[PDB]
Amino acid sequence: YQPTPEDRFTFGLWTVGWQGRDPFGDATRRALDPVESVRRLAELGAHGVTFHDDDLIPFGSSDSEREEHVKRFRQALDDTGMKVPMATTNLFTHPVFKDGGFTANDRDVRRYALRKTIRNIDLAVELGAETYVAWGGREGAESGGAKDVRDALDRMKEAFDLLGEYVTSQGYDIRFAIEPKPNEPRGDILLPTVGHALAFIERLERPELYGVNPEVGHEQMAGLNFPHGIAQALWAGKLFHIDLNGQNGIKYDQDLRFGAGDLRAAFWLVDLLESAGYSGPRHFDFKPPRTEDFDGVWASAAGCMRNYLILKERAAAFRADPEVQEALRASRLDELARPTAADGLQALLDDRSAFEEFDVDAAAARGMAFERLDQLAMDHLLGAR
């Protein structure tokens, strides 16, 4: 189960670089130089890395310092052959963003947020990124009177429209991906799920430029089924990128390594990406627990990849098994893929077998054979066939 750069596994600098500060605790690990992370990731078999502006260039850096930071990073990429398929902006750490970036009540702040974003879009293109993520972690509220949501959506639309005008005018080959999260750090965050983000995109001036970047843990903090949310993004043609990690139910965002948390949901996600022919990066947005030292960080990162490869194998074996193919037919998955009324409205209306003469009791008596199918799925996942 050895990964190679062909598996397209990526990691954010902020993941293996998390120092372990939490709401109740100081850091347990020293900071990692981005160059070191690049090298260690390459040795593990990763394909590339991602970054927030602030991960690469310390906030408030002079143009001189900025150039120096970039050059060193670029050298590491050249030395290892690692790519940079996505980048994003930090619009959440600094105190100025306490009420949001694009939807802060203060107009001056909103203008600042757009300028900080545009500067990073330029760098991202320079580095070859294909996707630019936006997670509005501070857009929301803890109380009802603080934010008029209709006005905030107007402000969010305005912001994304200006970014689309910008890339268009420059002639850049980059697309945007919005990342939803229901809460934390705000009481409630705007665009809380994959559905809310998809619905919002349809109101932008150039909808073709925007998709979603769903994250496992995020949809599970609302108790939603991740594989179902991803199927809806695929159906809309909007899965531009994906964030993989683990989460144990509805609580604070844990960011465990991928495979931990809900294992069966991880299995069904892998089955789907692989069946659907998803060809984007398999990005891990996780945090090695603060209990670990450096050895532990690398082990956790390696486990992310290992878990994906084991699941891939098990899902493939599941779909290729003749006995499973037979069970899918038994459960009428074939019939779900056929049109209900290709014959049209009129033909449906005139068809007595559809109502007048339909034997409802006979249809009701037919078992779905879902439990036998699910048990074959479990046997496959566990290597117990």
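Quick note: we count residues from 1 along the sequence shown, nothing fancier.
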> Comparing 343-351 with 312-320, which has the greater mean CA B-factor as deposited?
Replying inline: 343-351
>> Averaging CA B factors per stretch from the PDB record, which one is higher: 163-171 or 85-93?
In response: 163-171
> If you compare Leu190, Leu269, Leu127, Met156, which has the highest Cα B-factor in the entry?
Replying inline: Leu127
> Highest Cα B-factor in the deposition, which of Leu56, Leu333, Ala327, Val38?
Replying inline: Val38
> Which third of the chain holds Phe73 when residues are ordered by C-alpha B factor: lowest, middle or highest?
Replying inline: highest
> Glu371's Cα B-factor: lowest, middle or highest third of the chain?
Replying inline: middle
> Looking at the C-alpha B-factor of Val16, is it in the lowest, middle or highest third of its chain?
Replying inline: middle
> Of the three thirds of its chain by CA temperature factor, lowest, middle or highest, which one includes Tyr278?
Replying inline: highest
>> Taking only the Cα B-factors deposited for this chain, tell me whether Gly137 sits in the lowest, middle or highest third.
In response: middle
